[PDB]
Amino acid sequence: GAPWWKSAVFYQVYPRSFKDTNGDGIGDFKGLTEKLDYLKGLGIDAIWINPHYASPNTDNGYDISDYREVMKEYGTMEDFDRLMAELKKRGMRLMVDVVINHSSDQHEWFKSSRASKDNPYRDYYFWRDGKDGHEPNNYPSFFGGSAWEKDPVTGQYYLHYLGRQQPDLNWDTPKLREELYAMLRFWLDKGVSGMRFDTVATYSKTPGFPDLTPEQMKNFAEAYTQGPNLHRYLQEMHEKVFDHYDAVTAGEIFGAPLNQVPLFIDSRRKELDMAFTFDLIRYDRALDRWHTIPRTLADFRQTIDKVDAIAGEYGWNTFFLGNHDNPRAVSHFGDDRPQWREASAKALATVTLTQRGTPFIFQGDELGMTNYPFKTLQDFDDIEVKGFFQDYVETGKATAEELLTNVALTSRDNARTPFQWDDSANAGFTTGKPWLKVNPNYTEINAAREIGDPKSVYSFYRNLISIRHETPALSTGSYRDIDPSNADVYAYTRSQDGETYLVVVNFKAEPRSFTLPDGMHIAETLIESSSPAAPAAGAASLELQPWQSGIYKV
């Protein structure tokens, strides 16, 4: 038998933006608990929640000031316990986010570490002398300026790959590793079923902190994944923690070269169970992370083919088209214009739910939610956009208007607007003022209207999820791309135990034809979207409407 997580469908909840129950404009645990029936009815097996720990929220939960306490905005430990109990009543599982590349600068470890050079917490973090009058080296931060921040108390700099208020934890220090392992056991003893490791590839730092070369500077995210002790630390964590439990582990392998991914997920290596990779989701992103570079379906499918190959026999991939760090799937990979939004969102649901891997549906994608119409830079909450303002606008590299036009397409805030529950005030998300503005298209895109309509995006996701659950080949079967060079129609097979299925997805807003491989014929149509008629049993070809998708037994 294959482990449960290989055939599960996960849903990602960004709790801040899912459901508010107390008018403060921020989503909370009670809100999520009240919506479990909605997720159960969609067919979700497991939920991954973004970080839910005590946090000053300079990066919305990813700056944690106490790993053993819940975030004040989300509720109390009792609320979290109640969430767990209600998930369990429904046979559902919880995956939590684990953020141990860095902590908050408000964490008591860091308050102590920074206080002097000779204290027991000094080497919980990285403290270094500046060089030639400036920073220890030329490392940049993802969130703006240098990755090194001076502390006048000791006159040394501390390292922060992310924000200034997210100092990196020092995995080279054994006592620090032991603290992290104990903290993980604290949550696993509560029964959590999965853990997702934020920026898991950056834990090991390079000895001596030499300068990056000019080449490396342009792709610094990759350099940060090349620490010599990385796999040693991941293997130790598995031996001391995950060997004692029955939880699934998944790594956000951001910035690593694709050919190193098997090191994290080959089951023989006893590291992680599954990979989140970013080759596909960043396939059309410029190196600066805020421009977009036009790509075609041939690029999209060739990337998938490569990622599939690296899982091979002993590894396992997740599959996702959206998360809390990226623009909305239908806007990014589909066509979000009024006339094409529903058809292309369905086509993308078909893709997501028929890939070899564990699919993750990002909250609101089952409604066909879109990017937000930002008008000014003040419409963004996101600290990454403030950092681009700092690195590009303040330095005269770009104008504010150039930053705005381009980041409107790429910003994480596109994924973070409140979930659209119905057409009441604030889309039923809150009775107060939402922390981030609700998209005005909530009058046309909302759960209440979608659930009631058999022809909706929600209904199609629901139907695909049943089909996947009922068809073993569609989770664990082999994957074969019929024609990796085709830039119009995406077609592939899934097969297991002598049964083969064909998936065919038109990525053009125009009619297209499709010819099956010589010798292959349609046996049955499981489901189609935007199609006037199923093919005839025995068909050797298909006539596709704009954005038509389908699954066929062959």
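Position 1 is the first residue in the sequence shown; the rest follow in order.
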{"query": "Between 219-227 and 97-105 (mean CA B-factor, as deposited), the higher", "finding": "219-227"}
{"query": "Of 471-479 and 250-258, the one with larger mean CA B-factor", "finding": "471-479"}
{"query": "Most elevated Cα B-factor in the entry, residues 202, 466, 235, 459", "finding": "466"}
{"query": "343, 241, 212, 275, ranked by C-alpha B-factor: the highest one", "finding": "212"}
{"query": "Chain third (lowest, middle, highest) by recorded CA B-factor, residue given as residue 117", "finding": "highest"}
{"query": "Chain third (lowest, middle, highest) by recorded CA B-factor, residue given as residue 184", "finding": "lowest"}
{"query": "Position of residue 289 among the chain's modelled residues by C-alpha B-factor, lowest, middle or highest third", "finding": "middle"}
{"query": "CA B-factor placement of residue 62, once the chain's modelled residues are sorted into thirds", "finding": "lowest"}
{"query": "Third of the chain's Cα B-factor distribution that residue 488 belongs to, per the entry", "finding": "highest"}
